[PDB]
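What follows is a single chain, given as structure tokens, in the form deposited without ligand ATP.
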């Protein structure tokens, strides 16, 4: 018979079925909205959905009726200024644009104001969504401190869709990423070169650090690159394809994400942890153990355990480098209290030694 891990994987997959019709309504609405926004004359006319993946391995931890989508907007001629030395935050300035900067009126001094740009973004979405007549779509009351523009869809049960604006820049990647994406021994040098020729994204995010520059800071996003890696994750090109062999790489990611999700429900001490920490850890593990034969499906329980051990060691050393931005320590004392990491370590060790009873629930 199958062990608990395989049962949990089966159950996780079957959950996709309960979310499918809502997911379809979401795509319907988003696509209508994008068309309306693309028809209209505004600084957001060029907006498009950035595809980041929708399966459990790709998305953040969420309620079954909560969705997130990123709307990307190409912004030519950005001059980036590192705001944090780690590369955690940036200010957005501009180089010379002889024909005129189309985002000119979103500037505050030399810097692009996320506050001004999001305010207009919110206003336009609210106006267009009012024109959707066949399905009840409104905009949730703005949550001070949250940049998402949240759609509420009622058909007739309520679905929430957080819309996140992402600036698209086609310039070379920021200097803070120079040693990031360490995939040379795994996906290799040509893939790394190709991936780094793609755009990078900037998403509005406030730092929690005083009044100066609030509403003017952005963090980098590589959601596109991350999707690509998740779906092209083998040293062999045929990994998980029909004329290749399956590996257990995504299964380990899913198990570890679900472990954290279930733990986060039980213990609000774990509020500062998110699925991105898990995805980051596993990117590092995929780099350390690049061979597809080091992720054989036969070895699921051993591979999951070596991922736990790795994550536990990141917790113990208080260090988990962003995979794209090596100086950005996601497990710094300032982002996550030492006592929270010690608490999570203790919970993980407990689960690992008792056959994962937290997976026994619904």
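Rigid core (definition): largest C-alpha set, two forms, superposition within 1.5 Å. Numbering follows the first chain given and starts at 1.
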### Query
For residue 96, does the count of other compared entries lacking it reach at least a third?
yes
### Which of 170-178 and 234-242 has higher mean CA B factor, as the PDB entry lists it
170-178
### Query
Taking the recorded C-alpha temperature factors, which stretch has the higher mean, 108-116 or 265-273?
265-273
### Query
Looking at 57, 296, 321, 313, which has the highest Cα B-factor in the entry?
57
### Task
Choose from 134, 289, 226, 82 the residue with the greatest Cα B-factor as stated in the PDB record.
134
### Task
Relative to the other modelled residues of the same chain, rank the CA B-factor of residue 325 and answer lowest, middle or highest third.
lowest
### Task
Classify residue 19 as lowest, middle or highest third according to the C-alpha B-factor given in the PDB entry, relative to its own chain.
highest
### Message
Ranking the modelled residues of this chain by C-alpha B-factor as given in the entry, is residue 361 in the lowest, middle or highest third?
### Response
highest
### B-factor third for the C-alpha atom of residue 198 within its chain
lowest
### Summary
Here the Cα B-factor of residue 30, set against its chain, lands in the third termed highest
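Below: the form deposited with ligand ATP bound, not depicted.
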### Result of superposing ligand ATP in the deposited complex onto shown chain, 2.4 Å backbone or C-beta criterion
blocked
### Task
Report whether the minimum heavy atom distance between residue 223 and ligand ATP in the deposited complex is within 4.5 Å.
yes
### Query
Do residue 329 and ligand ATP come within 4.5 Å of each other in the deposited complex, heavy atoms counted?
no
### Query
Even though ligand ATP is not shown here, does residue 66 get within 4.5 Å of it in the deposited complex, heavy atoms only?
yes
### Query
For residue 319, is any heavy atom within 4.5 Å of ligand ATP in the deposited complex, or not?
no
### Task
Could you tell me which of 107-115, 173-181, 271-279, 186-194 sits within 4.5 Å of ligand ATP in the deposited complex, going by non-hydrogen atoms?
271-279
### Message
Each of 27, 32 and 133 having a non-hydrogen atom within 4.5 Å of ligand ATP in the deposited complex: is that the case here?
### Response
no
### Query
Looking at 250, 284, 219, 122, which has any heavy atom no more than 4.5 Å from ligand ATP in the deposited complex?
219
### Task
Align on the core first; then indicate which of 175, 152, 245, 272 has a CA shift of 2 angstroms or more between the shown form and the other one.
152
### Task
Kindly check if the Cα atom of residue 334 is displaced 2 angstroms or more between the shown form and the other one relative to the superposed rigid core.
no
### Query
For residue 319, is the CA shift between the shown form and the other one at least 2 Å following rigid-core superposition?
no
### Message
Once both forms sit on the same rigid core, is the C-alpha displacement of residue 19 at or above 2 Å between the shown form and the other one?
### Response
yes
### Message
Just to spell it out: taking the C-alpha atom of residue 61 and the C-alpha atom of residue 329, is that distance smaller or larger in the deposited complex than in the structure shown here, given it changes by 3 Å or more?
### Response
farther
### Summary
Under comparison with the form shown, the C-alpha atoms of residue 57 and residue 301 in the deposited complex shift by 3 angstroms or more, placing them farther
